[PDB]
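Participant: I have a structure I would like to understand better, so I am pasting it below and will then ask my questions one at a time.
Numbering (the numbering used here), first residue to last: 8 to 104.
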């Protein structure tokens, strides 16, 4: 999926927050203007948080708070282009300590 963001890289910062990073799509389908990051418990049924990332970068980083430990979170990152959204890159992360 070359139009999708690179694989998500999770850097857990604390019991309740992590940094998510991703490389821009190797082959964007359109002009990337930002990203959409959506976070929710992987098990579903939970609240989702959407983060609108403004702009593009070879690698983008986002700190995502309001998490918890021992709960897998599913992150979905899509490039925002001038024409729409690119395909999602998904990544699941659990923070333990």
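Backbone N, C-alpha and C define an ideal beta-carbon position, used for all residues, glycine too.
Does DSSP classify residue 90 as helix, strand or coil?
Facilitator: Note: residue 90 maps to coil in three-state DSSP.
Participant: Which residues in the same chain have their Cβ closer than 8 Å to the Cβ of residue 72, if we skip the five residues on either side of it in sequence?
Facilitator: Excluding residues within five positions, the ones whose Cβ falls inside 8 Å are 23, 24.
Participant: What residue ranges within the segment 32 to 87 form continuous beta strand (DSSP E) runs of no fewer than 3 residues, ordered along the chain?
Facilitator: If we require 3 residues or more, the beta strand (DSSP E) runs fully inside the segment 32 to 87 come out as 39 to 48, 56 to 61, 66 to 71.
Participant: Excluding the 5 residues preceding and the 5 following residue 101 in the sequence, name in chain order all residues of the same chain whose CB lies nearer than 6 Å to its CB.
Facilitator: Excluding positions up to five away in sequence, the list reads 79.
Participant: Residue 103 by DSSP, collapsed to three states: which one?
Facilitator: It is coil, neither helix nor strand.
Participant: Residues bridged to residue 24 by DSSP?
Facilitator: 21.
Participant: How long is the line joining the alpha carbons of residue 38 and residue 90, rounded to whole angstroms?
Facilitator: Spanning the two alpha carbons is a distance of roughly 8 Å.
Participant: Under a three-way DSSP split, which group does residue 98 fall into?
Facilitator: The answer is strand: DSSP assigns residue 98 an E or B state.
Participant: Going by the CB atoms, is the gap between residue 43 and residue 55 shorter than 9 Å?
Facilitator: The answer is no: Cβ separation not under 9 Å.
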